[PDB]
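Shown here: upload-v1.cif, mmCIF, C-alpha atoms.
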data_upload
loop_
_atom_site.group_PDB
_atom_site.id
_atom_site.type_symbol
_atom_site.label_atom_id
_atom_site.label_comp_id
_atom_site.auth_asym_id
_atom_site.auth_seq_id
_atom_site.Cartn_x
_atom_site.Cartn_y
_atom_site.Cartn_z
ATOM 1 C CA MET A 1 9.070 -0.852 5.208
ATOM 2 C CA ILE A 2 6.186 1.564 5.846
ATOM 3 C CA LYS A 3 7.395 2.538 9.338
ATOM 4 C CA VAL A 4 5.314 4.551 11.831
ATOM 5 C CA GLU A 5 5.266 5.397 15.543
ATOM 6 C CA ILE A 6 2.007 5.154 17.480
ATOM 7 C CA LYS A 7 2.403 8.214 19.762
ATOM 8 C CA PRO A 8 1.773 7.756 23.491
ATOM 9 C CA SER A 9 -1.546 9.592 23.173
ATOM 10 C CA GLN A 10 -2.538 7.262 20.310
ATOM 11 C CA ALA A 11 -2.290 3.923 22.158
ATOM 12 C CA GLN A 12 -6.054 3.526 22.670
ATOM 13 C CA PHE A 13 -8.845 3.130 20.109
ATOM 14 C CA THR A 14 -12.276 4.753 20.401
ATOM 15 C CA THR A 15 -15.774 3.615 19.394
ATOM 16 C CA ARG A 16 -17.039 5.889 16.602
ATOM 17 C CA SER A 17 -19.918 5.435 14.133
ATOM 18 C CA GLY A 18 -18.115 3.598 11.315
ATOM 19 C CA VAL A 19 -19.518 2.510 7.934
ATOM 20 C CA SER A 20 -18.359 -0.688 6.213
ATOM 21 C CA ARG A 21 -18.979 0.381 2.595
ATOM 22 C CA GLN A 22 -22.218 2.403 2.449
ATOM 23 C CA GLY A 23 -24.122 -0.693 3.633
ATOM 24 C CA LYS A 24 -24.564 -0.230 7.401
ATOM 25 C CA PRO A 25 -23.204 1.955 10.212
ATOM 26 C CA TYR A 26 -20.837 -0.102 12.395
ATOM 27 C CA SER A 27 -19.414 1.092 15.734
ATOM 28 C CA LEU A 28 -15.849 -0.262 15.493
ATOM 29 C CA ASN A 29 -12.817 0.814 17.551
ATOM 30 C CA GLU A 30 -10.535 3.216 15.625
ATOM 31 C CA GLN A 31 -7.013 4.393 16.570
ATOM 32 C CA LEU A 32 -4.221 6.652 15.263
ATOM 33 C CA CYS A 33 -0.515 6.301 14.343
ATOM 34 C CA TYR A 34 2.400 8.331 12.947
ATOM 35 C CA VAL A 35 3.668 6.952 9.633
ATOM 36 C CA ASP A 36 6.711 8.830 8.318
ATOM 37 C CA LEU A 37 6.040 6.981 5.040
ATOM 38 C CA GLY A 38 9.288 8.595 3.887
ATOM 39 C CA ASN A 39 7.991 12.081 4.774
ATOM 40 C CA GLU A 40 10.860 12.588 7.271
ATOM 41 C CA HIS A 41 8.323 13.615 9.919
ATOM 42 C CA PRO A 42 5.654 11.385 11.471
ATOM 43 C CA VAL A 43 2.168 11.658 9.976
ATOM 44 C CA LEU A 44 -0.689 11.123 12.423
ATOM 45 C CA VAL A 45 -2.895 8.805 10.363
ATOM 46 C CA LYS A 46 -6.039 6.943 11.511
ATOM 47 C CA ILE A 47 -6.289 3.152 11.902
ATOM 48 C CA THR A 48 -9.007 0.548 12.572
ATOM 49 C CA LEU A 49 -9.083 -1.501 15.790
ATOM 50 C CA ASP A 50 -10.510 -5.040 15.535
ATOM 51 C CA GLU A 51 -13.278 -5.741 18.075
ATOM 52 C CA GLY A 52 -11.463 -6.984 21.198
ATOM 53 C CA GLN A 53 -8.058 -6.108 19.705
ATOM 54 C CA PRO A 54 -5.795 -3.888 21.823
ATOM 55 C CA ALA A 55 -5.268 -0.438 20.262
ATOM 56 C CA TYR A 56 -1.865 -0.204 18.542
ATOM 57 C CA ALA A 57 0.202 -0.009 21.753
ATOM 58 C CA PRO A 58 2.831 2.736 22.020
ATOM 59 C CA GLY A 59 5.848 1.697 19.922
ATOM 60 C CA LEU A 60 7.353 1.721 16.406
ATOM 61 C CA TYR A 61 5.201 0.280 13.606
ATOM 62 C CA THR A 62 5.285 -0.967 10.051
ATOM 63 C CA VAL A 63 2.168 -1.250 7.959
ATOM 64 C CA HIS A 64 1.365 -4.751 6.734
ATOM 65 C CA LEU A 65 0.420 -5.689 3.155
ATOM 66 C CA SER A 66 -1.684 -8.499 4.667
ATOM 67 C CA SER A 67 -4.438 -5.956 3.988
ATOM 68 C CA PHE A 68 -3.252 -5.225 0.419
ATOM 69 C CA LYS A 69 -4.915 -6.998 -2.524
ATOM 70 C CA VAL A 70 -4.704 -7.122 -6.333
ATOM 71 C CA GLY A 71 -7.577 -5.261 -8.025
ATOM 72 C CA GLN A 72 -8.891 -6.210 -11.485
ATOM 73 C CA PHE A 73 -7.082 -3.123 -12.797
ATOM 74 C CA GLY A 74 -3.738 -4.958 -12.546
ATOM 75 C CA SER A 75 -2.379 -2.840 -9.672
ATOM 76 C CA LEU A 76 -1.865 -3.535 -5.947
ATOM 77 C CA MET A 77 -4.271 -1.603 -3.692
ATOM 78 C CA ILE A 78 -4.455 -1.493 0.120
ATOM 79 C CA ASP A 79 -7.902 -2.651 1.301
ATOM 80 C CA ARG A 80 -7.234 -1.862 4.972
ATOM 81 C CA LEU A 81 -3.527 -1.657 5.770
ATOM 82 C CA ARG A 82 -2.883 -3.887 8.807
ATOM 83 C CA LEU A 83 -0.474 -1.890 10.995
ATOM 84 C CA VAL A 84 2.064 -3.754 13.124
ATOM 85 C CA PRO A 85 4.953 -2.818 15.435
ATOM 86 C CA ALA A 86 8.349 -2.324 13.714
ATOM 87 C CA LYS A 87 10.985 -4.940 14.609
ATOM 88 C CA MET B 1 7.221 -7.197 2.481
ATOM 89 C CA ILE B 2 4.955 -7.071 -0.586
ATOM 90 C CA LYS B 3 6.986 -9.642 -2.552
ATOM 91 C CA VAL B 4 6.481 -10.376 -6.266
ATOM 92 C CA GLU B 5 8.282 -12.088 -9.151
ATOM 93 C CA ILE B 6 8.508 -10.346 -12.520
ATOM 94 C CA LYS B 7 8.060 -13.380 -14.827
ATOM 95 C CA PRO B 8 10.540 -13.834 -17.684
ATOM 96 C CA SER B 9 7.892 -12.722 -20.181
ATOM 97 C CA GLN B 10 7.256 -9.590 -18.085
ATOM 98 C CA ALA B 11 10.784 -8.115 -18.151
ATOM 99 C CA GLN B 12 10.013 -5.477 -20.803
ATOM 100 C CA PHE B 13 7.615 -2.520 -20.690
ATOM 101 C CA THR B 14 5.462 -1.385 -23.617
ATOM 102 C CA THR B 15 4.308 2.051 -24.805
ATOM 103 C CA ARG B 16 0.520 2.273 -24.397
ATOM 104 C CA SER B 17 -1.811 5.298 -24.387
ATOM 105 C CA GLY B 18 -1.731 6.205 -20.681
ATOM 106 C CA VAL B 19 -3.685 8.948 -18.883
ATOM 107 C CA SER B 20 -2.218 10.851 -15.922
ATOM 108 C CA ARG B 21 -5.492 11.703 -14.141
ATOM 109 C CA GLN B 22 -8.126 12.582 -16.767
ATOM 110 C CA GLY B 23 -5.972 15.555 -17.833
ATOM 111 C CA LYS B 24 -4.019 14.347 -20.889
ATOM 112 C CA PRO B 25 -3.187 11.078 -22.664
ATOM 113 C CA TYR B 26 0.465 10.165 -22.008
ATOM 114 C CA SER B 27 2.328 7.348 -23.795
ATOM 115 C CA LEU B 28 4.381 5.928 -20.904
ATOM 116 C CA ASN B 29 6.084 2.514 -20.727
ATOM 117 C CA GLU B 30 4.056 -0.015 -18.682
ATOM 118 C CA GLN B 31 5.154 -3.472 -17.448
ATOM 119 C CA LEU B 32 3.807 -6.446 -15.460
ATOM 120 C CA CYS B 33 4.799 -8.415 -12.324
ATOM 121 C CA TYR B 34 3.593 -11.290 -10.120
ATOM 122 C CA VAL B 35 2.851 -10.171 -6.558
ATOM 123 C CA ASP B 36 1.846 -13.057 -4.282
ATOM 124 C CA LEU B 37 0.738 -10.331 -1.845
ATOM 125 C CA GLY B 38 0.089 -13.228 0.536
ATOM 126 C CA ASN B 39 -2.161 -14.963 -2.025
ATOM 127 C CA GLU B 40 0.149 -18.028 -2.078
ATOM 128 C CA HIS B 41 0.241 -17.844 -5.882
ATOM 129 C CA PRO B 42 1.770 -15.052 -7.970
ATOM 130 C CA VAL B 43 -0.643 -12.411 -9.260
ATOM 131 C CA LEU B 44 0.253 -10.906 -12.632
ATOM 132 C CA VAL B 45 -0.314 -7.219 -11.880
ATOM 133 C CA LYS B 46 0.534 -4.223 -14.110
ATOM 134 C CA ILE B 47 3.249 -1.649 -13.337
ATOM 135 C CA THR B 48 4.444 1.707 -14.724
ATOM 136 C CA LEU B 49 7.867 2.103 -16.363
ATOM 137 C CA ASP B 50 9.568 5.508 -15.978
ATOM 138 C CA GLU B 51 10.668 7.033 -19.305
ATOM 139 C CA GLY B 52 14.175 5.647 -19.916
ATOM 140 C CA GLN B 53 13.863 3.244 -16.963
ATOM 141 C CA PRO B 54 14.554 -0.433 -17.690
ATOM 142 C CA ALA B 55 11.416 -2.594 -17.365
ATOM 143 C CA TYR B 56 11.395 -4.501 -14.059
ATOM 144 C CA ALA B 57 14.080 -7.044 -15.017
ATOM 145 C CA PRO B 58 13.361 -10.731 -14.380
ATOM 146 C CA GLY B 59 13.805 -11.423 -10.647
ATOM 147 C CA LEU B 60 12.072 -11.315 -7.238
ATOM 148 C CA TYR B 61 10.456 -8.015 -6.214
ATOM 149 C CA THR B 62 9.039 -6.109 -3.291
ATOM 150 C CA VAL B 63 6.750 -3.155 -3.749
ATOM 151 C CA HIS B 64 8.027 0.111 -2.301
ATOM 152 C CA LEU B 65 6.011 2.511 -0.119
ATOM 153 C CA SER B 66 8.111 5.324 -1.630
ATOM 154 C CA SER B 67 4.962 5.698 -3.743
ATOM 155 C CA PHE B 68 2.606 5.552 -0.726
ATOM 156 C CA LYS B 69 1.299 8.785 0.820
ATOM 157 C CA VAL B 70 -0.996 9.933 3.648
ATOM 158 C CA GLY B 71 -4.382 11.164 2.384
ATOM 159 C CA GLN B 72 -6.448 13.780 4.249
ATOM 160 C CA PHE B 73 -8.713 10.917 5.346
ATOM 161 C CA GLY B 74 -6.099 9.811 7.906
ATOM 162 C CA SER B 75 -5.181 6.568 6.106
ATOM 163 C CA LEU B 76 -2.128 5.502 4.064
ATOM 164 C CA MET B 77 -2.854 5.116 0.331
ATOM 165 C CA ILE B 78 -0.541 3.953 -2.475
ATOM 166 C CA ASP B 79 -0.255 6.674 -5.147
ATOM 167 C CA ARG B 80 1.821 4.534 -7.526
ATOM 168 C CA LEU B 81 3.545 1.647 -5.761
ATOM 169 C CA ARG B 82 7.234 1.737 -6.752
ATOM 170 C CA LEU B 83 8.174 -1.914 -7.360
ATOM 171 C CA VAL B 84 11.721 -3.056 -6.618
ATOM 172 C CA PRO B 85 13.629 -6.361 -6.667
ATOM 173 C CA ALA B 86 13.426 -8.430 -3.439
ATOM 174 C CA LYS B 87 16.721 -8.743 -1.534
#
How does the structure come out when it is put into structure tokens?
Amino acid sequence: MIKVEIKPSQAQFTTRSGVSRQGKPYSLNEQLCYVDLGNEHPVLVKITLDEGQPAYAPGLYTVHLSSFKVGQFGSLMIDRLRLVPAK
Amino acid sequence: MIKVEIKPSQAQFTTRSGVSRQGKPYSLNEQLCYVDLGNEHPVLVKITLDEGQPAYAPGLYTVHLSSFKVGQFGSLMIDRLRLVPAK
């Protein structure tokens, strides 16, 4: 399980000039999180916040492969890891 | 959990000219697997086989973030998903 802890100062997203894929500049809500990812310590990594979605509240987390996909290279590849609280 | 089923015809790796990262051609053992990844159906994806490691035997599987890492872009990123049997 790709655990992670959204610090208390990382419970709110912010609107920053985002870019889908070099097509157009989108102002989406971005957030942060701390994924140990097996690194023993928490790693403050960024995260996307759906429009209207509540920033990853303060709590434990576990990435979600719902964002992972199979590329034509025959190898899984995250397209936008969907973070979720750890149960 | 990134589930997956290593078909019965995908329980053995093969030695194919591999390339670490554009540095040198390595002949490692590669294998295959079927990760539904939430796609309802199984997706035959490729996989690497450590030298001396037994190809992903025939059984259920779940990728492993032990291969995932945090890039300097502030976003998790698989470096070489370590597949494992699903328990």
What does the PyMOL selection byres ((chain B) within 8 of (chain A)) select in this file, as a PyMOL selection string? chain B and resi 1-2+37-38+43-47+64-66+68-70+73-78+81
Just so the selection is clear, what residues does the PyMOL selection byres ((chain A and resi 86) around 8) cover here, as number ranges by chain? A: 3-4, 59-62, 84-85, 87
Atom pair atom CA of residue 83 of chain A + atom CA of residue 56 of chain A, distance 7.9 Å
Could you write out as a ChimeraX atom specification the residues that the PyMOL selection byres ((chain A and resi 18-24) around 12) matches in the shown file? /A:14-17,25-30,47-49,79-80
Could you give me, as a PyMOL selection string, the residues within 8 Å of residue 12 of chain A, counting only C-alpha atoms and dropping anything in the same chain fewer than 6 positions from it? chain A and resi 31+54-57
Output of the above residues as a compact mmCIF listing (two decimals), keeping the file's coordinate frame, restricted to C-alpha atoms:
# COMPACT_ATOMS: atom_id res chain seq x y z
CA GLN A 31 -7.01 4.39 16.57
CA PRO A 54 -5.80 -3.89 21.82
CA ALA A 55 -5.27 -0.44 20.26
CA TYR A 56 -1.86 -0.20 18.54
CA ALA A 57 0.20 -0.01 21.75
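When atom CA of residue 40 of chain A is paired with atom CA of residue 10 of chain A, their separation reads 19.4 Å.
Atom CA of residue 5 of chain B sits 18.1 Å away from atom CA of residue 53 of chain B.
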Would it be fine to have segment 14-63 of chain B, with N, CA and C atoms, given as a PDB file, in the first residue's frame?
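Full text of selection-v4.pdb as output:
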ATOM      1  N   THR B  14      11.964 -14.680 -20.149  1.00  0.00           N
ATOM      2  CA  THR B  14      12.816 -15.018 -21.316  1.00  0.00           C
ATOM      3  C   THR B  14      13.983 -14.036 -21.380  1.00  0.00           C
ATOM      4  N   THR B  15      15.095 -14.456 -21.911  1.00  0.00           N
ATOM      5  CA  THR B  15      16.266 -13.542 -21.998  1.00  0.00           C
ATOM      6  C   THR B  15      16.179 -12.726 -23.286  1.00  0.00           C
ATOM      7  N   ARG B  16      15.975 -11.445 -23.172  1.00  0.00           N
ATOM      8  CA  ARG B  16      15.881 -10.594 -24.391  1.00  0.00           C
ATOM      9  C   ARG B  16      16.815  -9.393 -24.245  1.00  0.00           C
ATOM     10  N   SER B  17      17.364  -8.923 -25.331  1.00  0.00           N
ATOM     11  CA  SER B  17      18.284  -7.755 -25.251  1.00  0.00           C
ATOM     12  C   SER B  17      17.580  -6.600 -24.537  1.00  0.00           C
ATOM     13  N   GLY B  18      17.967  -6.328 -23.323  1.00  0.00           N
ATOM     14  CA  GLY B  18      17.331  -5.218 -22.563  1.00  0.00           C
ATOM     15  C   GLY B  18      18.283  -4.025 -22.515  1.00  0.00           C
ATOM     16  N   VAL B  19      17.793  -2.873 -22.152  1.00  0.00           N
ATOM     17  CA  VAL B  19      18.680  -1.680 -22.076  1.00  0.00           C
ATOM     18  C   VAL B  19      18.376  -0.918 -20.789  1.00  0.00           C
ATOM     19  N   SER B  20      19.323  -0.858 -19.896  1.00  0.00           N
ATOM     20  CA  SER B  20      19.092  -0.145 -18.610  1.00  0.00           C
ATOM     21  C   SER B  20      18.448   1.215 -18.887  1.00  0.00           C
ATOM     22  N   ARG B  21      19.228   2.179 -19.294  1.00  0.00           N
ATOM     23  CA  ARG B  21      18.660   3.527 -19.582  1.00  0.00           C
ATOM     24  C   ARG B  21      19.466   4.194 -20.698  1.00  0.00           C
ATOM     25  N   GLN B  22      19.626   3.527 -21.807  1.00  0.00           N
ATOM     26  CA  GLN B  22      20.403   4.125 -22.929  1.00  0.00           C
ATOM     27  C   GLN B  22      21.894   4.109 -22.579  1.00  0.00           C
ATOM     28  N   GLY B  23      22.291   3.266 -21.666  1.00  0.00           N
ATOM     29  CA  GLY B  23      23.729   3.204 -21.284  1.00  0.00           C
ATOM     30  C   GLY B  23      24.357   1.936 -21.864  1.00  0.00           C
ATOM     31  N   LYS B  24      23.751   0.804 -21.635  1.00  0.00           N
ATOM     32  CA  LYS B  24      24.319  -0.465 -22.176  1.00  0.00           C
ATOM     33  C   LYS B  24      23.198  -1.498 -22.338  1.00  0.00           C
ATOM     34  N   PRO B  25      23.362  -2.366 -23.304  1.00  0.00           N
ATOM     35  CA  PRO B  25      22.385  -3.429 -23.592  1.00  0.00           C
ATOM     36  C   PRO B  25      22.543  -4.578 -22.591  1.00  0.00           C
ATOM     37  N   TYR B  26      21.544  -4.823 -21.787  1.00  0.00           N
ATOM     38  CA  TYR B  26      21.648  -5.925 -20.794  1.00  0.00           C
ATOM     39  C   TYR B  26      20.691  -7.055 -21.178  1.00  0.00           C
ATOM     40  N   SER B  27      21.108  -8.280 -21.007  1.00  0.00           N
ATOM     41  CA  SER B  27      20.221  -9.424 -21.359  1.00  0.00           C
ATOM     42  C   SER B  27      19.537  -9.927 -20.087  1.00  0.00           C
ATOM     43  N   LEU B  28      18.513  -9.250 -19.645  1.00  0.00           N
ATOM     44  CA  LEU B  28      17.818  -9.682 -18.401  1.00  0.00           C
ATOM     45  C   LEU B  28      16.654 -10.612 -18.739  1.00  0.00           C
ATOM     46  N   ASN B  29      16.074 -11.215 -17.738  1.00  0.00           N
ATOM     47  CA  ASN B  29      14.922 -12.133 -17.972  1.00  0.00           C
ATOM     48  C   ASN B  29      13.624 -11.334 -17.836  1.00  0.00           C
ATOM     49  N   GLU B  30      12.809 -11.309 -18.858  1.00  0.00           N
ATOM     50  CA  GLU B  30      11.534 -10.533 -18.778  1.00  0.00           C
ATOM     51  C   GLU B  30      10.343 -11.496 -18.728  1.00  0.00           C
ATOM     52  N   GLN B  31       9.232 -11.059 -18.191  1.00  0.00           N
ATOM     53  CA  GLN B  31       8.037 -11.951 -18.114  1.00  0.00           C
ATOM     54  C   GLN B  31       6.778 -11.162 -18.481  1.00  0.00           C
ATOM     55  N   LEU B  32       5.628 -11.738 -18.255  1.00  0.00           N
ATOM     56  CA  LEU B  32       4.357 -11.034 -18.586  1.00  0.00           C
ATOM     57  C   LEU B  32       3.373 -11.187 -17.419  1.00  0.00           C
ATOM     58  N   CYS B  33       2.245 -10.528 -17.480  1.00  0.00           N
ATOM     59  CA  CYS B  33       1.250 -10.635 -16.375  1.00  0.00           C
ATOM     60  C   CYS B  33      -0.059 -10.009 -16.847  1.00  0.00           C
ATOM     61  N   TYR B  34      -1.137 -10.241 -16.151  1.00  0.00           N
ATOM     62  CA  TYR B  34      -2.432  -9.646 -16.582  1.00  0.00           C
ATOM     63  C   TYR B  34      -2.965  -8.738 -15.480  1.00  0.00           C
ATOM     64  N   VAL B  35      -2.724  -7.466 -15.578  1.00  0.00           N
ATOM     65  CA  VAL B  35      -3.215  -6.544 -14.519  1.00  0.00           C
ATOM     66  C   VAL B  35      -4.556  -5.930 -14.920  1.00  0.00           C
ATOM     67  N   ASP B  36      -5.610  -6.256 -14.213  1.00  0.00           N
ATOM     68  CA  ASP B  36      -6.920  -5.655 -14.538  1.00  0.00           C
ATOM     69  C   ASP B  36      -6.789  -4.148 -14.316  1.00  0.00           C
ATOM     70  N   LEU B  37      -6.024  -3.770 -13.323  1.00  0.00           N
ATOM     71  CA  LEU B  37      -5.803  -2.323 -13.036  1.00  0.00           C
ATOM     72  C   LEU B  37      -7.143  -1.585 -12.998  1.00  0.00           C
ATOM     73  N   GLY B  38      -8.210  -2.290 -12.782  1.00  0.00           N
ATOM     74  CA  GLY B  38      -9.531  -1.622 -12.735  1.00  0.00           C
ATOM     75  C   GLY B  38     -10.114  -1.566 -14.150  1.00  0.00           C
ATOM     76  N   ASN B  39      -9.554  -2.319 -15.062  1.00  0.00           N
ATOM     77  CA  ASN B  39     -10.066  -2.309 -16.459  1.00  0.00           C
ATOM     78  C   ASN B  39     -11.068  -3.450 -16.653  1.00  0.00           C
ATOM     79  N   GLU B  40     -11.503  -4.047 -15.579  1.00  0.00           N
ATOM     80  CA  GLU B  40     -12.486  -5.176 -15.652  1.00  0.00           C
ATOM     81  C   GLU B  40     -11.820  -6.424 -16.228  1.00  0.00           C
ATOM     82  N   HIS B  41     -11.197  -6.284 -17.350  1.00  0.00           N
ATOM     83  CA  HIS B  41     -10.514  -7.447 -17.991  1.00  0.00           C
ATOM     84  C   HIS B  41      -9.026  -7.402 -17.642  1.00  0.00           C
ATOM     85  N   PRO B  42      -8.363  -8.518 -17.799  1.00  0.00           N
ATOM     86  CA  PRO B  42      -6.927  -8.623 -17.500  1.00  0.00           C
ATOM     87  C   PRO B  42      -6.107  -8.004 -18.627  1.00  0.00           C
ATOM     88  N   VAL B  43      -5.087  -7.273 -18.296  1.00  0.00           N
ATOM     89  CA  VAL B  43      -4.252  -6.662 -19.360  1.00  0.00           C
ATOM     90  C   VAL B  43      -2.886  -7.336 -19.374  1.00  0.00           C
ATOM     91  N   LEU B  44      -2.564  -8.018 -20.434  1.00  0.00           N
ATOM     92  CA  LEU B  44      -1.247  -8.693 -20.493  1.00  0.00           C
ATOM     93  C   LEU B  44      -0.151  -7.636 -20.562  1.00  0.00           C
ATOM     94  N   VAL B  45       0.486  -7.381 -19.459  1.00  0.00           N
ATOM     95  CA  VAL B  45       1.564  -6.356 -19.436  1.00  0.00           C
ATOM     96  C   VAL B  45       2.917  -7.055 -19.242  1.00  0.00           C
ATOM     97  N   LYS B  46       3.991  -6.422 -19.623  1.00  0.00           N
ATOM     98  CA  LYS B  46       5.328  -7.065 -19.471  1.00  0.00           C
ATOM     99  C   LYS B  46       5.834  -6.898 -18.036  1.00  0.00           C
ATOM    100  N   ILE B  47       6.925  -7.539 -17.716  1.00  0.00           N
ATOM    101  CA  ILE B  47       7.491  -7.431 -16.344  1.00  0.00           C
ATOM    102  C   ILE B  47       8.968  -7.840 -16.389  1.00  0.00           C
ATOM    103  N   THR B  48       9.764  -7.355 -15.479  1.00  0.00           N
ATOM    104  CA  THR B  48      11.206  -7.728 -15.490  1.00  0.00           C
ATOM    105  C   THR B  48      11.435  -8.910 -14.548  1.00  0.00           C
ATOM    106  N   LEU B  49      12.391  -9.739 -14.857  1.00  0.00           N
ATOM    107  CA  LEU B  49      12.678 -10.912 -13.988  1.00  0.00           C
ATOM    108  C   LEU B  49      14.113 -10.801 -13.467  1.00  0.00           C
ATOM    109  N   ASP B  50      14.275 -10.605 -12.186  1.00  0.00           N
ATOM    110  CA  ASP B  50      15.647 -10.475 -11.618  1.00  0.00           C
ATOM    111  C   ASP B  50      16.498 -11.676 -12.033  1.00  0.00           C
ATOM    112  N   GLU B  51      17.783 -11.483 -12.171  1.00  0.00           N
ATOM    113  CA  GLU B  51      18.669 -12.612 -12.570  1.00  0.00           C
ATOM    114  C   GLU B  51      18.631 -13.694 -11.489  1.00  0.00           C
ATOM    115  N   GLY B  52      18.168 -14.865 -11.827  1.00  0.00           N
ATOM    116  CA  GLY B  52      18.105 -15.959 -10.819  1.00  0.00           C
ATOM    117  C   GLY B  52      16.703 -16.010 -10.211  1.00  0.00           C
ATOM    118  N   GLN B  53      15.948 -14.954 -10.346  1.00  0.00           N
ATOM    119  CA  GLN B  53      14.572 -14.947  -9.776  1.00  0.00           C
ATOM    120  C   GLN B  53      13.655 -15.800 -10.658  1.00  0.00           C
ATOM    121  N   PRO B  54      12.731 -16.480 -10.027  1.00  0.00           N
ATOM    122  CA  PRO B  54      11.770 -17.350 -10.726  1.00  0.00           C
ATOM    123  C   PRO B  54      10.658 -16.515 -11.367  1.00  0.00           C
ATOM    124  N   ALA B  55      10.468 -16.648 -12.653  1.00  0.00           N
ATOM    125  CA  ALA B  55       9.406 -15.865 -13.339  1.00  0.00           C
ATOM    126  C   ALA B  55       8.144 -15.824 -12.476  1.00  0.00           C
ATOM    127  N   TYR B  56       7.415 -14.743 -12.535  1.00  0.00           N
ATOM    128  CA  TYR B  56       6.169 -14.640 -11.728  1.00  0.00           C
ATOM    129  C   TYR B  56       5.353 -15.919 -11.911  1.00  0.00           C
ATOM    130  N   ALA B  57       5.438 -16.826 -10.977  1.00  0.00           N
ATOM    131  CA  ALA B  57       4.672 -18.098 -11.096  1.00  0.00           C
ATOM    132  C   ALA B  57       3.223 -17.790 -11.485  1.00  0.00           C
ATOM    133  N   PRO B  58       2.486 -18.829 -11.786  1.00  0.00           N
ATOM    134  CA  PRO B  58       1.072 -18.714 -12.180  1.00  0.00           C
ATOM    135  C   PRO B  58       0.193 -18.492 -10.945  1.00  0.00           C
ATOM    136  N   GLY B  59      -0.392 -17.333 -10.821  1.00  0.00           N
ATOM    137  CA  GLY B  59      -1.256 -17.061  -9.638  1.00  0.00           C
ATOM    138  C   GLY B  59      -1.732 -15.607  -9.671  1.00  0.00           C
ATOM    139  N   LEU B  60      -2.474 -15.189  -8.680  1.00  0.00           N
ATOM    140  CA  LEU B  60      -2.953 -13.776  -8.653  1.00  0.00           C
ATOM    141  C   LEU B  60      -1.767 -12.877  -8.314  1.00  0.00           C
ATOM    142  N   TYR B  61      -1.860 -11.601  -8.577  1.00  0.00           N
ATOM    143  CA  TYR B  61      -0.715 -10.711  -8.274  1.00  0.00           C
ATOM    144  C   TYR B  61      -1.181  -9.325  -7.879  1.00  0.00           C
ATOM    145  N   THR B  62      -0.287  -8.589  -7.306  1.00  0.00           N
ATOM    146  CA  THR B  62      -0.577  -7.207  -6.898  1.00  0.00           C
ATOM    147  C   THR B  62       0.716  -6.441  -7.045  1.00  0.00           C
ATOM    148  N   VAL B  63       0.728  -5.449  -7.864  1.00  0.00           N
ATOM    149  CA  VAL B  63       1.990  -4.705  -8.051  1.00  0.00           C
ATOM    150  C   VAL B  63       2.514  -4.283  -6.687  1.00  0.00           C
TER     151      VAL B  63
END
